[PDB]
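Worksheet: the structure to be examined is printed underneath.
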Amino acid sequence: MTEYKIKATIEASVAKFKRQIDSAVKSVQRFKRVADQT
Amino acid sequence: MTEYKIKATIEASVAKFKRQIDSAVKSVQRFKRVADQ
Amino acid sequence: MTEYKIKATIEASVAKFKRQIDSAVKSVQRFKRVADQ
Amino acid sequence: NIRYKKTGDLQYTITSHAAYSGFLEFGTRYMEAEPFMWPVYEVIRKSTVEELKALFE
DNA sequence: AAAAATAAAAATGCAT
DNA sequence: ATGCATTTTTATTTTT
């Protein structure tokens, strides 16, 4: 005999989206801080 | 062991949104100058 | 093996906002200077 | 003996654990192939992509 | 008339 | 899961 198993794999990457969201967040916080002086 | 794969990689084109919000910031600052100066 | 790339859309209203706010800027410049007359 | 496991974060691996199952998926020196996981790859790929799209549309 | 040698059918085991 | 190779039992042909 031989252990001729078969695999199928489903996987995803979020870390780029994570950083894109951080970039948008801090841009809106920039708007927040200038609106506070206005 | 043969492996079939499905990969999903997630994107957002925030480079437009950044430019929009920065344009808004720079536009608002003109008001502050007009008020104080 | 296969990969797909999946896109979110992120967007803003700022084109109207510029026009509106700049009209208000001009309002302040105008009445502020006229008030000195 | 078809099973799956969460083998990593955002990673699930399906596995046919029966030893001879490759000989059935691919055929042999004596047998025609009777592929059974490949036809499911063609299905679950579409569902996975369209559901991930629907998470962001 | 007994029974050694043989091909065909059934059961156990391994092979992909 | 699907199949092939080896061993065992059997009915028939042949020799003694």
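Chains as they are written, first to last, in the working numbering: chain A, -4 to 33; chain B, 37 to 73; chain C, 37 to 73; chain D, 2 to 58.
Using N, Cα and C, we set each Cβ at its ideal position, and we do this for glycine too.
Taking only three categories from DSSP, how would you classify residue i?
| i | result |
| --- | --- |
| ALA55(D) | helix |
| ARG30(D) | coil |
| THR38(C) | strand |
| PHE67(C) | helix |
| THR33(A) | coil |
| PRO40(D) | helix |
If you measure between the beta carbons of residue i and residue j, is that distance less than 8 Å?
| i | j | result |
| --- | --- | --- |
| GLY9(D) | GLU6(A) | yes |
| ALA51(B) | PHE26(A) | no |
| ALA3(A) | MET38(D) | yes |
| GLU43(D) | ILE1(A) | no |
Could you please give me the residues that DSSP links to residue i through a beta bridge?
| i | result |
| --- | --- |
| residue 1(D) | Residue 1(D) lies beyond the stretch modelled for chain D, which goes from 2 to 58, so this question has no answer here. |
| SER8(A) | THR45(B) |
Quick check: what's the CA-CA separation for residue i versus residue j?
| i | j | result |
| --- | --- | --- |
| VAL23(A) | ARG55(C) | 20 Å |
| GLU51(D) | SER8(A) | 16 Å |
| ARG30(D) | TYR21(D) | 14 Å |
| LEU11(D) | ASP72(B) | 53 Å |
What residues in its chain sit with their C-beta under 8 Å from that of residue i, if we drop five residues either side in the sequence?
| i | result |
| --- | --- |
| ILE15(D) | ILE3, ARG4, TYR5 and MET38 |
Starting from the C-beta of residue i, find all residues in its chain whose C-beta is less than 6 Å away, skip the five residues before and the five after it, and write them out in chain order.
| i | result |
| --- | --- |
| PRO36(D) | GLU26 |
What I want to know is whether the C-beta of residue i ends up closer than 7 Å to one or more non-hydrogen atoms of the ligand GDP.
| i | result |
| --- | --- |
| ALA51(B) | With respect to the ligand GDP, the structure shown offers nothing to examine, as it has no ligands at all. |
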